[PDB]
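Heads up, the chain below is alone and in the form solved without this ligand; it's given as structure tokens.
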């Protein structure tokens, strides 16, 4: 691994409580100095590798993390720095206190005790999440990337409830059942063309986005529940679709349906998705989004 402008002296990092498991190891919260301009103390997340990992693994952890270096969008989790000189190997990133979107959605399901409970997210809360996710995705596409694993588990929730495209390749061992080996495919999120030809584009990311909306509307139920992984492949490739979740506003299901057009060319783009809901976005969206930025053509 070649040390970069992203290197941060170990002494500038403080690690406290653990947050949750990542791909190469436990993710911690803590504080960092000089990673967000000249801020002496910024709350950050700290990715680690298990100490008993080889030199090869540590380098692989660092190389994977480096793909994030090119991005700077309000609706994509930011990489802040890297600790590669000596051990433990660290990656410093924007702190998302509310965890992955799949865990956050699952935490909103009623508990089964006799106590009071928050009603499920309103349509406006669901649209705000849809817009922020679509904005991060429109940003990635403008930067010539195909995500290939867009799903609620790969989105993160901030303290203020802002949803962002999360850190890349972190949930394959957290949500094992969301992946199918017979490499590892997230079949319940895949477009018919990706299942048939193994090809992924922004239009297949759009398909997966529709699945993310269905996850939001069901509080992260498993898509195509009652179908096995092989049955999912067959059902989707034959033009089968997910049912409208009970109580899902038709407006929201219609957007899912546009995302699930069998032909990828007939699917809306992420910019097209945002445009259709922009009037419903909180006013700050016009100030922070890629959509309203100078970068959006």
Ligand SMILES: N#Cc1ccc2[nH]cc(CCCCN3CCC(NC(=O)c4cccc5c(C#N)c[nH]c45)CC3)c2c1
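Heads up, when I say rigid core I mean the largest set of C-alphas that superpose within 1.5 Å between the two forms. Numbering follows the first chain given and starts at 1.
Unshown form solved in complex with this ligand; subsequent notes refer to it.
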Contact residue in the entry with it bound, from 242, 236, 65, 256 (heavy atom within 4.5 Å of this ligand): 65
In the entry with it bound, which of the listed residues (217, 138, 165, 211) lies with a heavy atom within 4.5 Å of this ligand? 165
Though only this chain appears here, would residue 129 touch this ligand in the entry with it bound if you measure heavy atom gaps against 4.5 Å? yes
Decide whether residue 83 counts as a contact residue for this ligand in the entry with it bound under a heavy atom distance cut-off of 4.5 Å. no
Looking in the entry with it bound, any heavy atom of residue 196 within 4.5 Å of this ligand? no
Does any part of residue 280 reach within 4.5 Å of this ligand in the entry with it bound? Heavy atoms only, please. no
Let me spell it out: fit the two forms on their rigid core, measure each listed C-alpha, and pick the one of 53, 233, 259, 252 that moves 2 Å or more between the shown form and the other one. Which is it? 53
For residue 170, does the CA position differ by 2 Å or more between the shown form and the other one when the superposition is done on the rigid core? yes
Would residue 277 count as moving between the shown form and the other one, using a Cα shift of 2 angstroms or more after superposing the core as the test? no
Core-aligned, does residue 88 move its Cα 2 Å or more between the shown form and the other one? yes
Closer or farther: C-alpha pair residue 172/residue 236 in the entry with it bound, relative to this form, given a change of 3 Å or more: farther
Direction of the Cα shift between residue 262 and residue 172 in the entry with it bound, where the change is 3 Å or more: farther
